Amino acid sequence: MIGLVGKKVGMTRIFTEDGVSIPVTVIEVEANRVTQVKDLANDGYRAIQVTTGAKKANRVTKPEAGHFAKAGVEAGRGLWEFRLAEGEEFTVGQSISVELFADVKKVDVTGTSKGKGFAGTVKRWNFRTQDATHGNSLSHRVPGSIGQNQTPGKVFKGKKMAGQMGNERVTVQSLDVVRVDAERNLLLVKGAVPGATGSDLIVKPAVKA
Amino acid sequence: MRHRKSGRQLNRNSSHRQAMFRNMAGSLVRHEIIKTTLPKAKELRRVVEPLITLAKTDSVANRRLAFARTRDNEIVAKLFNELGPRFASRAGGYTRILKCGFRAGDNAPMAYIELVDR
Amino acid sequence: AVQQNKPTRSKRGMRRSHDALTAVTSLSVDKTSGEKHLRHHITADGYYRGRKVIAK
Amino acid sequence: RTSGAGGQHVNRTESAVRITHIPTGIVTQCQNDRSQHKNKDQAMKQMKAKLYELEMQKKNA
Amino acid sequence: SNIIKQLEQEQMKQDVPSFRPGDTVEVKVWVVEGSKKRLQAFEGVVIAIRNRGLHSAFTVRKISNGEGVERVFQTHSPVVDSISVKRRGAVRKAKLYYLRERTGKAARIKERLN
Amino acid sequence: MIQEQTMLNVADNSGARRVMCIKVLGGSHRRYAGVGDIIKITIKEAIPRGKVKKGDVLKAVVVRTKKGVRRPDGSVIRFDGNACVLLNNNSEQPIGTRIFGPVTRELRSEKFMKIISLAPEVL
RNA sequence: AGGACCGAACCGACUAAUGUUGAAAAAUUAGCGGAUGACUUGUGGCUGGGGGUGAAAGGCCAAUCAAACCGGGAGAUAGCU
RNA sequence: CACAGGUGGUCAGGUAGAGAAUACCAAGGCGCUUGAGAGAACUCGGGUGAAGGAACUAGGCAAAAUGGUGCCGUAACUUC
RNA sequence: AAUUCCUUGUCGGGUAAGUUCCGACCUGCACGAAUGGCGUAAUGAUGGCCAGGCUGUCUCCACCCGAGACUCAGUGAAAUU
RNA sequence: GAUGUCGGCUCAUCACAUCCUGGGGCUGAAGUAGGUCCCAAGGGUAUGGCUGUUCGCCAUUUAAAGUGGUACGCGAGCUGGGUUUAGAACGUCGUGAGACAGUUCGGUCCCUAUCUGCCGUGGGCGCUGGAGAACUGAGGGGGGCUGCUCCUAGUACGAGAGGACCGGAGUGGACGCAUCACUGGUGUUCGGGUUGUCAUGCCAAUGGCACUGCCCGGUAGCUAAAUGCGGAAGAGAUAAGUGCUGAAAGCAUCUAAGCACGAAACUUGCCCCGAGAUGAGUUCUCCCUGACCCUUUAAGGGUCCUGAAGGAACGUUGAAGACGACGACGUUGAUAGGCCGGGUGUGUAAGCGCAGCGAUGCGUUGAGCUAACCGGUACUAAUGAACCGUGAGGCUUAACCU
Ligand SMILES: [K+]
Ligand SMILES: [K+]
Ligand SMILES: [K+]
Ligand SMILES: [K+]
Ligand SMILES: [K+]
Ligand SMILES: [K+]
Ligand SMILES: [K+]
Ligand SMILES: [K+]
Ligand SMILES: [K+]
Ligand SMILES: [K+]
Ligand SMILES: [K+]
Ligand SMILES: [K+]
Ligand SMILES: [K+]
Ligand SMILES: [K+]
Ligand SMILES: [K+]
Ligand SMILES: [K+]
Ligand SMILES: [K+]
Ligand SMILES: [K+]
Ligand SMILES: [K+]
Ligand SMILES: [K+]
Ligand SMILES: [K+]
Ligand SMILES: [Mg+2]
Ligand SMILES: [Mg+2]
Ligand SMILES: [Mg+2]
Ligand SMILES: [Mg+2]
Ligand SMILES: [Mg+2]
Ligand SMILES: [Mg+2]
Ligand SMILES: [Mg+2]
Ligand SMILES: [Mg+2]
Ligand SMILES: [Mg+2]
Ligand SMILES: [Mg+2]
Ligand SMILES: [Mg+2]
Ligand SMILES: [Mg+2]
Ligand SMILES: [Mg+2]
Ligand SMILES: [Mg+2]
Ligand SMILES: [Mg+2]
Ligand SMILES: [Mg+2]
Ligand SMILES: [Mg+2]
Ligand SMILES: [Mg+2]
Ligand SMILES: [Mg+2]
Ligand SMILES: [Mg+2]
Ligand SMILES: [Mg+2]
Ligand SMILES: [Mg+2]
Ligand SMILES: [Mg+2]
Ligand SMILES: [Mg+2]
Ligand SMILES: [Mg+2]
Ligand SMILES: [Mg+2]
Ligand SMILES: [Mg+2]
Ligand SMILES: [Mg+2]
Ligand SMILES: [Mg+2]
Ligand SMILES: [Mg+2]
Ligand SMILES: [Mg+2]
Ligand SMILES: [Mg+2]
Ligand SMILES: [Mg+2]
Ligand SMILES: [Mg+2]
Ligand SMILES: [Mg+2]
Ligand SMILES: [Mg+2]
Ligand SMILES: [Mg+2]
Ligand SMILES: [Mg+2]
Ligand SMILES: [Mg+2]
Ligand SMILES: [Mg+2]
Ligand SMILES: [Mg+2]
Ligand SMILES: [Mg+2]
Ligand SMILES: [Mg+2]
Ligand SMILES: [Mg+2]
Ligand SMILES: [Mg+2]
Ligand SMILES: [Mg+2]
Ligand SMILES: [Mg+2]
Ligand SMILES: [Mg+2]
Ligand SMILES: [Mg+2]
Ligand SMILES: [Mg+2]
Ligand SMILES: [Mg+2]
Ligand SMILES: [Mg+2]
Ligand SMILES: [Mg+2]
Ligand SMILES: [Mg+2]
Ligand SMILES: [Mg+2]
Ligand SMILES: [Mg+2]
Ligand SMILES: [Mg+2]
Ligand SMILES: [Mg+2]
Ligand SMILES: [Mg+2]
Ligand SMILES: [Mg+2]
Ligand SMILES: [Mg+2]
Ligand SMILES: [Mg+2]
Ligand SMILES: [Mg+2]
């Protein structure tokens, strides 16, 4: 099935009557308007492009404005695409609400993880630090060796080194759908999802199942 | 990482920052306009303006609090006798910052910071 | 660590290909004094956005 | 490698030999000579001597 | 934000009594064994309170069968059936963590008699 | 949160006074043992006429930890010391006949019913 | 009383880290030993190189020591590069 | 070298302190001749740390810990 | 054994486990009586082993405060080739 | 005219002669549990005692504690216990200086990365008018481990003891990703206690310094020990192996023709990157419809006029960030500061009054103060402009209108 685009509101807990605290992420899923429908004849694949939220009229550029106007929908804060199964079918201008997940048990949530910046090997790849004492010289959190001798005489590709960590697309799979609140446009999922508060999330029905 | 953290270190330790901002707040209250570096002015807002908000309400407790913040009775008296009444109706933003080029000695970005009713 | 071979003037110029300065795009003109100034900065005469902000 | 190996050669070469008799568990070891072959021969002699000594001890018992 | 605050207000309890660090309290909690569900009483001194709305908690310390036990209750948890203040303690700190090093007479807390 | 070299008190009357964890059983590279976990212990101090002697190696089940246990609602129960109950190497049944101090609900298993029944108080 | 004890100046130099194109051709920081004695220090003097001096390490004799430095024999000699 | 070194003598305030230790001060003298930012890895010098507590390592290296005064009391062994 | 090759000798102690340590044994490769033997209180920045305390030494790292590293303006090396 | 070494540490990478997990054949294979060989390299594959140790023995685990290559990988990564200088001693040898694959105690480990390589991050141009978006997926990477319990079932098997295959469910260990609701750490930017001293004339109340002087708590953020999730199922083609039909060879025969099964290996399925994929792809939308002059006369050069879509720059900034970059916002505005209200933390401020000889207590009073938090608020700063980017976009051939 297709997914929806929501916003990470924060984390909370739900107390069940049998004394269990469920940690939940709150995802504000407002109405997603279909701005374009792609098919085999014109695009070679079946998908829908959706938008959500609102945008400044003076910060919508004329190309974006025309693309929205052809669909006849209000300008959202972005455009996302969802592939279509052969049964699913939508029309341009149709709005999709969080009710789509009313009967969905598990979801996959994708978001841009929080950026850590330039991270060292210890943080980024869980390398073990060298000894803090016992004579160690300036080499407490350094990577250590990065290869063998003359053979091969080079460093292999994909070597685990320091560099940019986080701020990338991350998907968490098979999260329970705790609650679907249509009137408040809320999806309460069990557990933690990638990204900071106020980030965009893509919520799809679980592919693993 | 410094996610959601406020305050500029300004290449100084904590006590030095506190003393420097106390002195700079005294100077700004005394002269009503000073020329400093742009980051220092942007940090001085967050120190001086609460002093004026405090001076809006005149009481012995508030006067002693202002003295503790800025250990100078002249600055305390000027605050509570002029700046409070001057800015009584103004909600916030008792200061404005005007960027004014670069320092000759080290190419540091400079700015005047002044009281808005000067 | 140090070079095994002397780098060339060609390589030196290639490295310095990114060292070029960028001139200020344009200067703003004060609405009152007509003086040119850096945008969002006061003029040499103490004007900003048509107002005499600093005397002298 | 032999203990207290002194020099690049000795540190690098595997000269010490240890022989273990699996049925009995008795172990002999030789590392006196620079040659692994000589050490193995001497350890074999010691292993034969130890097995013979064990059998003689049983007979004397 | 407002959304989360609403989601928490609709869950928070309404009859939580007022207690302060140093008070002796009895907390009746639901114990479920097999199929039978009963109440177990944990009585002791409140040594820490965390006011965080729905996420409020409090730590109670007792000396049970010669061993010191600390239990951290989530205030709005359904498992916490009841809280009652048996004695009002007079302390000057918000967190009485120094009581962990004191036993017997040294651990006595003066009663807040007003 | 018991690991190797951790010293524990004994919550039973088997005669031991102090034991030391020498292995956290139940998995390769397993680090810690909480309440309800079985460890291999050596006896460091014992009473003169106990059922166990100093230097013996046997098993134990951890019944109290300073790190404590966590309940489904987020509550945490912590104790002031780490205490275990000794068990035979083979049967893994308790050696002593009395249990001292409270134990937790985490022992509510057909394996530790003797400990649960003998405990003065179950939390 | 004491080649007594504790501990600053003072004299040293046991450990670690730093520094190693150094702040420094031997140091800094935190500790460490002695601290009325076979102690330490200022000024001046004497011992000279197969010589001195050495509570002795082949140590020291001007950042030089299993024979100082400077000048000379001298363009020593070099079946070696 | 306008160098974190070396360099003999003399003078010797207050409060706390046994003290020429140490802390804060006086008289007096200085802020150490590049600054401005930012607040990544990593290095250096510090602070704190759940549970554990030498499992580290060649080795408790390092760190932590102890630390004053008065009184009570203090073992083997001893050349007393 | 500052001495013992074989050798991690054997036995006892200590540890869950001890090539080290301590106590014996004597089979002293290759101790031994002023290039002294064997003891020995006190002393030692002396070597080995053990215990208590204590801890980021470690399980296994986390955060924070500063000096650098990074950017801007001024000055402006080095080895090497 | 110098290729630094044993062991350890950190980080590995490949082989397969496979240790575990996977598949199979035979068994002196009843079952359980093994033996042995064949296929299989996807993942996984201990902590300690002793020793400088490699090795090894021992203790206790594990599904298992593989065997190797990589300058016996890895010192311009660390260490420096062993080795290996100069001091010194023992045994021993030598008359002696000295010596010992004998031992013993002590004993300086430099290098600011030019190139390749690798991890990240930009600038330029290209992709054939320019521009803003959304994609496709050639290709590349990541991931892939396993225990125990229960049901099947005390069933099959077995004289008993014991005890399954196949299939299903639950719950763990290790590992990885994310996150901070909870439990905690930190929190020299918040509150308080307190020692010494100095100052604010003094009292009182405060400030400075003493490691944040020492401490006790603690917001936001970051974070693990905290808590969510993952490894798969399925599909295709196979390995060893098992077969079906079937001659050559009237029988037999898994094979020669033909057909079917068959594993953590392969290829997909899952996650991420990804059109410089120069083979530079696709879709949607937006913008530009002036004149004139020369020449060597063409994908030619001017001249004037015009300056779009958009971009950049600047400023306020950000859970984005070394700098670039990326994101939000710029008065038609909540981007930052302030302010307001709340929250949170600390713990009942000052001043006054009362009680007490006084230290101090009580009342006012849960007071005061409160960072980064939440909800609001144009008070301050985000200035009109200017700058870059053009003027309908080559040739040939088709198809269609024409
Ligand atoms: K200058
Ligand atoms: K001479
Ligand atoms: K001897
Ligand atoms: K003699
Ligand atoms: K000694
Ligand atoms: K197998
Ligand atoms: K088999
Ligand atoms: K494999
Ligand atoms: K060996
Ligand atoms: K290997
Ligand atoms: K090299
Ligand atoms: K090269
Ligand atoms: K948290
Ligand atoms: K926190
Ligand atoms: K003070
Ligand atoms: K056949
Ligand atoms: K492209
Ligand atoms: K604001
Ligand atoms: K009061
Ligand atoms: K008061
Ligand atoms: K309050
Ligand atoms: Mg970030
Ligand atoms: Mg060094
Ligand atoms: Mg270091
Ligand atoms: Mg902020
Ligand atoms: Mg600086
Ligand atoms: Mg450059
Ligand atoms: Mg003396
Ligand atoms: Mg002394
Ligand atoms: Mg000397
Ligand atoms: Mg010193
Ligand atoms: Mg002495
Ligand atoms: Mg001197
Ligand atoms: Mg000299
Ligand atoms: Mg001579
Ligand atoms: Mg010559
Ligand atoms: Mg001649
Ligand atoms: Mg100078
Ligand atoms: Mg000097
Ligand atoms: Mg004095
Ligand atoms: Mg002094
Ligand atoms: Mg200087
Ligand atoms: Mg820093
Ligand atoms: Mg540090
Ligand atoms: Mg703190
Ligand atoms: Mg510390
Ligand atoms: Mg700790
Ligand atoms: Mg603790
Ligand atoms: Mg302890
Ligand atoms: Mg050890
Ligand atoms: Mg030990
Ligand atoms: Mg070890
Ligand atoms: Mg030490
Ligand atoms: Mg210390
Ligand atoms: Mg023994
Ligand atoms: Mg002995
Ligand atoms: Mg003699
Ligand atoms: Mg002698
Ligand atoms: Mg001495
Ligand atoms: Mg520069
Ligand atoms: Mg060469
Ligand atoms: Mg094979
Ligand atoms: Mg393969
Ligand atoms: Mg595969
Ligand atoms: Mg050892
Ligand atoms: Mg080889
Ligand atoms: Mg190897
Ligand atoms: Mg090697
Ligand atoms: Mg190397
Ligand atoms: Mg050595
Ligand atoms: Mg002798
Ligand atoms: Mg030494
Ligand atoms: Mg090095
Ligand atoms: Mg792969
Ligand atoms: Mg929070
Ligand atoms: Mg906390
Ligand atoms: Mg404070
Ligand atoms: Mg006073
Ligand atoms: Mg001062
Ligand atoms: Mg200070
Ligand atoms: Mg599997
Ligand atoms: Mg970037
Ligand atoms: Mg409160
Ligand atoms: Mg106060």
Side-chain angles (χ1 to χ4, degrees), chain A residues 11-13 21 23 36 43 49 61-64 66-67 79 81 113-115 117-120 128 130 133-139 141-146 148-151 154-156 159 161-164 167 169-175 190-192 194 196, chain B residues 1-7 9 13-14 37 39 45-46 49 60-61 64 67-68 71 90-93 96-97 105-108 116, chain C residues 1-3 5-7 18 25-26 28 39-40 49, chain D residues 1 5-6 8 10-11 34, chain E residues 55 92 94-95, chain F residues 1 3-6 22-23 26-31 40 42 57 66-67 70 74 76:
Chain A
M11 294 198 66
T12 345
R13 73 208 302 185
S21 177
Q36 192 180 1
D43 305 75
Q49 184 183 85
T61 74
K62 293 189 58 178
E64 305 176 52
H67 179 70
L79 298 169
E81 278 198 17
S113 55
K114 303 175 86 167
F118 199 111
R128 295 196 297 269
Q130 270 132 101
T133 53
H134 293 278
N136 188 273
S137 315
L138 314 186
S139 300
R141 301 170 68 89
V142 304
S145 194
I146 64 176
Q148 304 82 50
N149 205 312
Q150 183 166 162
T151 297
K154 69 174 181 184
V155 177
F156 296 134
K159 184 73 183 69
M161 292 179 159
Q164 168 76 24
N167 195 30
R169 175 195 181 99
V170 171
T171 302
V172 178
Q173 288 180 145
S174 301
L175 303 177
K190 173 185 180 179
Chain B
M1 307 164 56
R2 48 149 304 279
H3 289 184
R4 314 264 306 197
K5 285 179 162 198
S6 281
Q9 183 192 317
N13 58 45
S14 177
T37 69
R45 287 180 309 174
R46 306 181 66 247
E49 298 193 8
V60 173
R64 294 185 175 183
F67 186 58
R71 306 272 311 181
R90 187 173 303 274
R96 76 164 48 92
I97 307 178
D106 50 3
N107 200 47
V116 297
Chain C
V2 70
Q3 69 211 29
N5 291 99
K6 177 185 169 167
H18 301 280
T25 302
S26 61
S28 301
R39 192 154 192 80
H40 300 104
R49 296 175 65 176
Chain D
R1 259 75 57 81
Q8 286 196 114
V10 200
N11 288 316
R34 279 225 267 272
Chain E
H55 314 301
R92 290 190 64 175
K95 309 284 188 297
Chain F
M1 203 160 175
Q3 54 185 271
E4 301 182 19
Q5 310 291 324
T6 295
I22 71 177
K23 189 71 54 176
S28 179
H29 290 271
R30 183 164 189 170
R31 294 190 180 89
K40 196 84 168 186
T42 179
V57 177
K66 294 198 56 182
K67 199 75 197 309
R70 301 205 57 184
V76 29

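Each chain gets a letter, A, B and so on, in the order the sequences are listed, and its residues count up from 1. Only this structure's heavy atoms are used, side chains among them; waters, hydrogens and symmetry mates stay out.
Taking syn as a glycosidic angle within 90° of 0, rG324(J) qualifies as syn. Its glycosidic angle being more than 90° from 0, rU69(H) falls on the anti side. With its glycosidic angle more than 90° from 0, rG91(J) is assigned anti.
For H67(A) and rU285(J), the ring-to-base geometry does not satisfy the stacking test (centroid distance below 5.5 Å, interplanar angle below 30°).
Between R1(D) and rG7(J) there is a side-chain N or O to OP1 or OP2 distance below 4.0 Å. Taking side-chain N and O atoms only, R70(F) has no distance below 4.0 Å to OP1 or OP2 of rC182(J). Phosphate proximity of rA181(J) to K190(A): absent, as no side-chain N or O sits under 4.0 Å from OP1 or OP2.
No Watson-Crick or G-U wobble pair links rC190(J) with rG341(J) when both atom distances must be under 3.5 Å. The base of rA322(J) does not engage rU95(J) as a Watson-Crick or G-U wobble partner with both distances under 3.5 Å. A Watson-Crick or G-U wobble pair does not link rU396(J) to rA367(J) when both relevant atom distances must lie under 3.5 Å. Taking 3.5 Å as the upper bound for both contacts, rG52(H) pairs with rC58(I) in Watson-Crick or G-U wobble fashion.
Checking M1(B) against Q3(F), the closest nucleotide of RNA chain I that is more toward the 5' end is the one next to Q3(F). Map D106(B) and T42(F) each onto its nearest nucleotide of RNA chain I; the residue landing nearer the 5' end is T42(F). Ranked by how close their nearest RNA chain H nucleotide is to the 5' end, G117(A) and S139(A) are led by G117(A). Mapping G105(B) and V142(A) onto RNA chain H via the closest heavy atom, the residue that lands nearer the 5' end is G105(B).
Stacking between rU10(I) and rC11(I) holds: their six-membered rings sit with centres below 5.5 angstrom apart and planes below 30 degrees. Consecutive residues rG4(J) and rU5(J) do not stack, lacking base ring centres under 5.5 Å apart with planes under 30°. Remark: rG144(J) and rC145(J) are not stacked on each other (six-membered ring centres under 5.5 Å, interplanar angle under 30° not both met). Consecutive residues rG163(J) and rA164(J) do not stack, lacking base ring centres under 5.5 Å apart with planes under 30°.
Residue side chain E4(F) does not reach the base of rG52(H) through any donor-acceptor N/O pair under 3.5 Å, judged by distance alone. Scanning atom types as modelled, no donor and acceptor separated by under 3.5 angstrom connect the side chain of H18(C) and the base of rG124(J). If you check distances only, the side chain of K23(F) does reach the base of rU60(J) with a donor-acceptor pair under 3.5 Å. With hydrogens and angles ignored, no donor-acceptor pair under 3.5 angstrom links the side chain of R141(A) to the base of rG77(J).
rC182(J) and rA334(J) are spaced 32 Å apart, taking the P atom of each and rounding to whole Å. The same atom, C1', is picked in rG391(J) and in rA308(J); the two are 9 Å apart, to the nearest Å.
When rounded to the nearest whole Å, the span between CZ of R39(C) and P of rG330(J) equals 15 Å. To the nearest angstrom, P of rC180(J) lies 16 Å from CZ of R13(A). In this entry the distance linking CD of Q164(A) with P of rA320(J) reads 9 Å, nearest Å.
Closest approach to the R46(B) side chain among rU10(J), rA51(H), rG337(J) is made by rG337(J) (side chain taken as heavy atoms from C-beta onward). Of the candidates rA50(H), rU81(I), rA381(J), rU81(I) carries the atom nearest the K6(C) side chain, counting heavy atoms from C-beta on. With distances taken from any side-chain atom of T133(A) to the nucleotides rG361(J), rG310(J), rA62(H), the minimum falls on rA62(H). Candidate nucleotides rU346(J), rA372(J), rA320(J) were compared by shortest atom distance to the side chain of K114(A), and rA320(J) ranks first.
Using the sign of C1'-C2'-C3'-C4' as the criterion, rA51(I) is classed as north-puckered.
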